[PDB]
Amino acid sequence: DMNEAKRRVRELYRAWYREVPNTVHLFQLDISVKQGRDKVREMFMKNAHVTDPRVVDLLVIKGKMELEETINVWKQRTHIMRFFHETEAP
Amino acid sequence: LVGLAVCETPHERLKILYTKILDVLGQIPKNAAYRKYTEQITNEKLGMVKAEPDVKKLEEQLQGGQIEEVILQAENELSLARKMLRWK
Amino acid sequence: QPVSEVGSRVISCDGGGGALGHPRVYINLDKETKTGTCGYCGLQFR
Amino acid sequence: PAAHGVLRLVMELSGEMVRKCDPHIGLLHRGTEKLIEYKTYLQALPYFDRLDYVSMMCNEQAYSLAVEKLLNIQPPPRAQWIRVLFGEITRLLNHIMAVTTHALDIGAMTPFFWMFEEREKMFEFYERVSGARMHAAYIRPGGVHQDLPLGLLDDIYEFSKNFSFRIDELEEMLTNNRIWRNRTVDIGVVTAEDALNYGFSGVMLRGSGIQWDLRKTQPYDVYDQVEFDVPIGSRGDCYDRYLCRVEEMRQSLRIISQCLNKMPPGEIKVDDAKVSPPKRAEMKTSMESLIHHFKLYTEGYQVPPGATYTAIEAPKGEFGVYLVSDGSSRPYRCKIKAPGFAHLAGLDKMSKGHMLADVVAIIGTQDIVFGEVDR
Amino acid sequence: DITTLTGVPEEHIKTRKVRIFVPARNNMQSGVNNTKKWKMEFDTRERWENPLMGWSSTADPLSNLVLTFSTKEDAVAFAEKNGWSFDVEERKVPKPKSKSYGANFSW
Amino acid sequence: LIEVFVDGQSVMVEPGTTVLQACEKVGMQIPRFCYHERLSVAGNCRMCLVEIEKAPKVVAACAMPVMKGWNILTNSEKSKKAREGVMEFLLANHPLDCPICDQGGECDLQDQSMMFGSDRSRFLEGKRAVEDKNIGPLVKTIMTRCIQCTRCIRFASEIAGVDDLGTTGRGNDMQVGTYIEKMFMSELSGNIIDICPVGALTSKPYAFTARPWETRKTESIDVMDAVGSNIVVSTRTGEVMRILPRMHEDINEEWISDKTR
Amino acid sequence: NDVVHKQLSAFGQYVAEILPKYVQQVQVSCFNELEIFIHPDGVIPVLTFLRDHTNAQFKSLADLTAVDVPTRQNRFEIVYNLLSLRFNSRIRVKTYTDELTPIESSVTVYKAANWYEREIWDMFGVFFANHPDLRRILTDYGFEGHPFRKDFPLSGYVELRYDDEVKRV
Ligand code: SF4
Ligand code: SF4
Ligand code: FES
């Protein structure tokens, strides 16, 4: 059931949020240190209407691997800067 | 075989093998045919075990190169039976 | 190119040589009012 | 240079010992299997050369078998003799490349240049029959492409008789060279059963002394009619695998003799025009010929719906094709077993606690090629 | 719904539609084989021309995609699992027809 | 309604109705040319021969109506030898034109040659070939590729209603071309370009422009008329190539106009 | 050969009787390839015995293929080749799976399947339970959508390119 999985995702937000300044530091990202956090919150808003049982936990499975990668310095400046779509024409 | 380790006087260990076999499978209800076949060959092979104190033709008798491995095959069957009833 | 002519009737044009030109095809000559241009070769006949 | 251009083995090394190598393949995942599905059978064949590219012929042979079973069709015998013959010259190619570059990784430098002269002379043969120096899309599902030119077999003879001195001289620079011995003799042993659990294939098995080998075991061609000695290893150290590489080279060199001595006259493509395109002299002068030509190249041949797993003794190990005809002319799914994939999976178990140079040598005994791993 | 699981950009689960149907026989053909079995074609989008060489350069991610099926209900349910907009169309088997060589010779 | 056995299984088939229609009802498909529903049956082009469960000689599938618990082995070997037998005859004269003939992508004759016809040639003489008969702004007659499934005349006399074109002569040299130069214009003249079995009759305006395996085949409806007939428009990437009718019982049924085409 | 078809047939019957809590059917492809079916929950127990002797000493996975098909109540269709050595012969068990149901990992039973779990996970949606470490391989980092999903464009939805204004791909 839901809610049991929502706590998981909150835990995940804690992990991401706290990790972010380390990400900006270690990666030498020049994104505003806030911006990554906000963007995290946004990505968390992207599926903020999913309602199926198993699908959400599956969502935190696919959510683990990314912090799993940034913590291991897997991915890179390019790969993590990728989320901001900054080169796109409006 | 590099992992294979030489084991003198297999026969004793063999008797422990087939006995542990028949015993651990001894809990099988007659229902499933597994007990039937596996006992069928088991007792046959073991019959050869008592029948063949010598090793040099013994492995010409079990029809398996290096009986020294197949004792571990039976060892696999032991944990196999350990699984058979967990599977019910 | 000059238009090739033969007093017979049907002729076969391979485009020059055997197995180095276009697939063998026979150009009919039922109408003398027109030349018999080859399908692939592009060589007229009459 | 030791990473073969496409490996990212990140590892948490200590002072200089490794603690765990962590391979990250996919650095050359060109994405093959998705592409294959959209292209008809005859148009899919080249991908296989593009796979284990060092061993370009045996892959083609693996495929053409994989189709002929589905298609229920048997090559004229001469074709089978070519298919084994170049299967073997390729056997020599991969072993040359393997033993050599494995030496180059540990700095031998020289044997390399002594051998690639020869390897170039072998590419003169792919050059001669296929028209390409390598990636010779020459083996066909129906059997074989063009017949080989008259002037060839004596030429192969003249080379093959003299190659053995070369391999031998190589062996004089290596097998006794006790520096080379010390570097590779206690690494990296794998338990003979533990190999089997990981599904190691080909030489990586024989090094640990298990008897198995597909050419003797489940022969697929005229291997019924060739005689050769499979060289079992013992200790399972890189050194034994090396001697297996060499000895298998000599044995292939035995096979070449027999194939040269029994190479029957006859056709080479299968008679069935529904599958094998008509010869040019014929297609240009009779209707059905031209039509089957046309449809074989337009739509391509259909295959009965079905599924299979063929496997053959590719030099690195068994090469495995699982494919499923939908009945259409485009195969539905074509999973490709890559023997290297399993090996490289087994590596980190095989290489814990070993010195960082030794993991480099041991990558080489795995004789892996990443193009095959990433498929 | 599995929209989050697929990495597909929202644009193409939204502003376009699938168009399930059983394909019509090519009429030049007299054959019937390819006719049967549902397939799940998507709608066409823009495709312009390469300024150089005149190639038909194209933007849309997934124009060429197409999928066979055994039953229509399975297809609709399929797209529903994907959360897809759809345009189901009827199988349109020809009516059986009477034929008679001798009716040609009534009088 | 009579019971009848397609090769094995029983089928409660409609009374009378041709053996062809029976196997059509079980869905197994007999090789065909001259026959065409929405046209008329004819005994020429005996590529439809099939073997009776017991009666020694094969009969045309679209001829004999089924009756009285018949069984029919479509896959019977004698049937197959029959079909190869005929196909070699059809291919004994059809000109080596596949690469240039505009019908080349999907000509039914090709596919029938693949599925059934023996692959080796064993004709070894000289094909007949014949001069063209010019016919109008549209159709590109070539003949020679003609196989005398009369079909097109059965189209003309029975639907277009014009009977200007027709068969001529006997034995070989017999021709489906109309005698006399006179042009054949009609409002259903376009549909024959669809109906024509091979490349013997193909649309001049579209000619050479494209190949069948290429074009995408969108489904829609005509607008030149409010009649609203269903169609398959065909485009070679970013540009329309050719139109074809899409069959629909309420309207066009496999046909289409001509101004729309 | 008739012979092999016989032996595989009888052996298929043999296993069919030995453990029929789950063998849906033991079809023999006529070109000598046996292949029993399995209820998806039943993967571990079958394969386990498949290593375990009776004759089924089929050690070493050859592969862990994952055929896809858009139809069916559950689309993805997993397949396991296997090889026995002393009796030199190959069989091929296989199952089926929902887009969402987590079937268990089979790494312990066949030993050399650790890489495959990761493969099929990143080439498909399907999840294997009791797997020590599923993670992406054969892809880029992010990338997201599984390929080989039988849908999903080969050209994908993305591309990299280097951009000087930001000095980065
Ligand atoms: S159309 Fe006429 S010519 Fe072109 S291929 Fe089919 S049959 Fe041969
Ligand atoms: S016209 Fe069309 S139908 Fe009549 S014969 Fe020539 S090709 Fe066959
Ligand atoms: S349709 Fe039966 S004879 Fe041509």
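Going by the header, the method for this PDB entry is cryo-EM, and the resolution given is 5.4 Å.

(A) Main features of the overall build of chain C. The helix and strand tally for chain C stands at zero helices and two strands. Principal axes of the C-alpha set define a box for chain C whose edges measure 30 × 20 × 15 Å. Within chain C, residue pairs in contact and separated by at least 24 positions form 23% of the contacts whose partners lie at least 6 positions apart.

(B) Structural detail: the packing of helix 13 (residues 287-297) of chain D against helix 3 (residues 108-115) of chain F. As a packed pair, helix 13 of chain D and helix 3 of chain F sit with axes 10 Å apart at the nearest point and diverge in direction by 95°. Here helix 13 of chain D is positioned roughly perpendicular relative to helix 3 of chain F, judged by the angle of their axes. The segment helix 13 of chain D lies against helix 3 of chain F, with D:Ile291, D:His292, D:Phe294, D:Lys295 and D:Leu296 engaging F:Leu109, F:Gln110, F:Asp111, F:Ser113 and F:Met114. For the contact of helix 13 of chain D with helix 3 of chain F, the residue count by class is five nonpolar, three polar and two charged.

(C) Inspection of unusual backbone geometry at higher detail. Look at the link from D:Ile187 to D:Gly188: it is a cis peptide, with omega at -10°. Notably, B:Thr9 is not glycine yet its phi reads approximately 50°, a positive angle. Mapping B:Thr9 onto the fold places it in the segment before helix 1 (10-24).

(D) Main features of the arrangement of the chains. Most contacts, when the 10 pairs of chains in contact are compared, are made between chains D and G. One finds no contact between chain A and chain F; the C-alpha atoms of the two approach each other to within 25 Å at their closest. The two units chain F and chain G never meet; even their closest C-alpha atoms stay 17 Å apart.

(E) Up close: the interface of chain G and chain D. At the junction of the two partners, chain G supplies 39 residues and chain D supplies 33 residues. Looking at the side of chain G that touches chain D, the elements with two or more residues in it are strand 3 (61-67), strand 4 (77-84), strand 5 (89-94) and helix 4 (114-123) of chain G. Grouping the constituent residues of the side of chain G that touches chain D by class yields 21 nonpolar, seven polar and 11 charged.

(F) Broad picture of the sheet that holds strand 4 (residues 59-60) of chain F. All names here are of chain F. A sheet is described by the order of its strands in space; here five strands give the open sequence 2-1-5-3-4, paired in mixed fashion. Sheet topology places strand 2 (10-12) and strand 4 at the edges, where each strand pairs with a single neighbour. Both strand 3 (residues 49-52) and strand 5 (residues 71-73) contribute to a ladder of two bridges, which runs antiparallel. Each residue of the ladder has a partner; that of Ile52, found in strand 5, is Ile72.

(G) Broad picture of the pattern of salt bridges. A salt bridge links G:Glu33 to D:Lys69; the nearest nitrogen and oxygen atoms lie 3.2 Å apart. Within this pair, whereas G:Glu33 is found in strand 2 (residues 33-36), its partner D:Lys69 is found in helix 3 (residues 56-71), the two belonging to separate chains. Two residues, G:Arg135 and G:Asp133, come together in a salt bridge whose shortest N-O distance is 3.4 Å. Overlapping salt bridges, with partners in common, bring together D:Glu88, D:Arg91, D:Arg206, D:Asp213, D:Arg215, D:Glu248 and D:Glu313 in one network.

(H) Highlighting the interface of chain C and chain F. In this assembly, seven residues from chain C lie in contact with six residues from chain F. When the residues that make up the side of chain C that touches chain F are grouped by side-chain class, the tally is two nonpolar, two polar and three charged.

(I) The UniProt feature "domain: Zinc finger CHCC-type" (unreviewed entry) in chain C, seen in detail. Residues annotated by UniProt as "domain: Zinc finger CHCC-type" (unreviewed entry) correspond here to residues 9-45 of chain C. For residues 9-45 of chain C, the end-to-end C-alpha separation is 10 Å, with 0% helix and 16% strand making up the annotated structure.

Rules used in this analysis
Residues numbered from 1 in each chain as written, not as in the entry; some residues may be left out. Chains lettered and ligands numbered in written order. Part of a larger assembly, values for the part shown. Heavy atoms only, no water. Residues with missing side-chain atoms left out of burial classes, pairs and counts. Helix = DSSP H or I, 4+ residues; strand = E, 2+ residues; numbered from the N terminus. Contact = heavy atoms within 4.5 Å. Axes fitted to C-alpha atoms, helices over the stretch in contact; angles between N-to-C directions. Parallel < 35°, antiparallel > 145°, perpendicular 65-115°, else oblique. Nonpolar A, V, L, I, M, F, W, Y, C, P; charged D, E, K, R; others polar. Pairing = 2+ DSSP bridges. Salt bridge = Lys/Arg side-chain N within 4 Å of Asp/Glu carboxyl O. UniProt positions renumbered as here; feature names shortened; annotations may be inferred.

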